[PDB]
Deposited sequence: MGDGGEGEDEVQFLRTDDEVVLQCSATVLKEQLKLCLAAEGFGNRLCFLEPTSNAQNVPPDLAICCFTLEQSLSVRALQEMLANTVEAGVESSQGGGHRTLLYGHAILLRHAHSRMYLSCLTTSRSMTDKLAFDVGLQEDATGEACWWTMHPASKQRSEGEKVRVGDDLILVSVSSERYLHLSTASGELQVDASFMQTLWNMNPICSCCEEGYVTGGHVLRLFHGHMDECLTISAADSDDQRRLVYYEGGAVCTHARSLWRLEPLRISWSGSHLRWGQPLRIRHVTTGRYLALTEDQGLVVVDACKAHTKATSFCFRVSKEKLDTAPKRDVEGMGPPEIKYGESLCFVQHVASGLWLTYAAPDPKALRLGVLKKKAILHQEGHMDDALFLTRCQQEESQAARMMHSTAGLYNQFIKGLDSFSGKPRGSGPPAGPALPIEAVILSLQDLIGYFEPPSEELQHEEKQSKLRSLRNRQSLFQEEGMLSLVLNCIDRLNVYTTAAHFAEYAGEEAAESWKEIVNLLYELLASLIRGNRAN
C-alpha cells in the first residue's frame, strides 16, 4: 500500500541517535495499571524482539477541522494532511491522548479511557514542502502530530539520559508505519494470537507454579485448550507490515502470551521457551511448511495460510528440525519427526487474547512488588523503589474489570455479561492469579499497621499501605465471586 486508510493498524515511530547510531523507537503503552506512553526500542529486533503487542494502534477516524469541531458539539477513508486522527490502542482499546499531567514541571502523553474530549485527537502536518494540506498521507512519510487539545507536538524527549514521549513545543518527526491493512477473511496474519492444534491436543507450556519453571513445551489435551497458557502470538521478523498475511516458509518468532517467552532451540535443552533477552533470530526462528520436502514485500502480500483449514508442519529455520512430540506428551525438535506432525491454527478471540496479555503484565508487576517486599524484610531502615502507583491502578482496573453487572439491567443482557465475567475470572484463576494476590496480601500482613510497615519501607510508601491491602482483598473477593 502507498496510502494510509482508516481502520489500518499502525505504529508511531521516531528516531534517536544513541552512541553515534540511529535507534528506532515505537510508541507503547500498557493501558491497564499504567496509562502513560513510553518508547519501545525496535532497532535491536534481531537479538531482542521488541514488545510489539502494545505498540499497535488502529486509525479509528480521520476528520477535517470542520467535521471534528462540528461533531464535538455532541468506509476506509484515506488520511489527508490537516486531518485530525483518533488512535485506538489495540490491546487496552484505549485512545492515544494528551494528558493534563506533567513529569517535568510540557504534558504527558498516554491512554484515555474514553474518546470524548479534544485530548484524543491529533492533527497531521507535512514535515516539508514535499507535502501539502489536503494531500494524501503516504506510507514512509515524516509527520508532525499536533495535539488538538493543547496545540503541542508529539515529542521525543532526551532529558535526562532516558528516552521518553511527551507533548512539547519542540517538534519531532514521526512515521506512521503500517502494521496491516485490509486482511483477507480467514487467513493467518502476523501479530495474531492463536492456538496450534494437533489432530483436542494443543501446544502449550505447563500450569503456573509447575516444577517446569514454565519453560518446557507440551502437546496437551482436555481443558488446556480453553486456558490462557495455550495461547501464542505469531511474530514475523519485521516491524512494518508485521501484520501482513503469513506465508509458507516465512520465518517468524512464536511468543507465549501469558509468560512473554519465545519458542526456541537451545544447545543443551533443545526445544524450550526462552526470555526475550535471549531470543536471537537463529535460536528463535520458525516457519510453517506445507510438507517435509527439501524446499520481502511492502504490503499484505498474498493470503496463504487459512485458519482451521490449513495443515502446517512447524520447522526451526536455522536447524531444519521439525516440531514434534517425544511420545500430555513433551514437544521436541527432531530431524525426521512424525508423519502426523501437521498442525492447524485457530484464532483466539479478543476477550481471551486481551485477558492473557493482562495476566502477563499483572504477573510482571505484582512479582516486582513481591520482590521489593522480600528485599527489605526484615531490614529496618534509607530503605529498590516499590511500584506503588502502578500497583494501585492495576488493582483498581482489575476490580472494574471483574465488576459484576448492574442488577438494574435486563435479564437477557445480564446473563450474557455474567457468562463473560465467569470466563474472565476462570482465565485468571487458571493462570495462578489467586496465589499472586494472596502472596501480596500475606507479605503485607506481616506488618500490623502502616507505621510498622514504615519502619521497613518508606514513610511515604506507608501512606498507601492500607489502601493496597484493602484493594487486594477487594480483588480477591472479585476473583472468587460467582
query: Ranges missing from the model, given as deposited sequence positions; finding: 1-10, 85-96, 128-131, 226-227, 324-329, 362-372, 427-429, 432-433, 533-536
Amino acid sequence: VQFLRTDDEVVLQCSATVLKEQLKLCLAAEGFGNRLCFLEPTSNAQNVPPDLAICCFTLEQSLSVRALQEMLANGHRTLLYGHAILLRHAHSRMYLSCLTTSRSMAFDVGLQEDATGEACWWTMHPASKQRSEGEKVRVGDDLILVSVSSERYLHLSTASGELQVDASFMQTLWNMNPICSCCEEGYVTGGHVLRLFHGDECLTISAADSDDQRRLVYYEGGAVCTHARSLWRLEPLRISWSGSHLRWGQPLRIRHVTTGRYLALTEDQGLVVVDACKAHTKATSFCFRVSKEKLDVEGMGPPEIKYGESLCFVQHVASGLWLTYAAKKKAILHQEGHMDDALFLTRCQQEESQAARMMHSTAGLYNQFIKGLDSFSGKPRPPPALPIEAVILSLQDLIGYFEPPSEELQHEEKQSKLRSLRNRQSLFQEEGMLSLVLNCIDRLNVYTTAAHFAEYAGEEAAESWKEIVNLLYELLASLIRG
From here on, numbers count along this sequence of modelled residues.
| query | finding |
| --- | --- |
| Average Cα temperature factor in the PDB entry - higher stretch of 348-356, 151-159 | 151-159 |
| Stretch with the greater mean C-alpha B-factor as recorded in the entry, comparing 442-450 against 42-50 | 442-450 |
| Residue with highest C-alpha B-factor in the PDB entry, from 184, 336, 341, 267 | 267 |
| Candidate set 282, 76, 229, 89 [ranked by C-alpha B-factor, highest] | 76 |
| Third of the chain's Cα B-factor distribution that residue 310 belongs to, per the entry | lowest |
| CA B-factor placement of residue 1, once the chain's modelled residues are sorted into thirds | highest |
| CA B-factor ranking of residue 240, expressed as a third of its chain | middle |
| Residue 433 CA temperature factor, ranked by third within the chain | lowest |
| Chain-relative CA temperature factor third for residue 373 | highest |
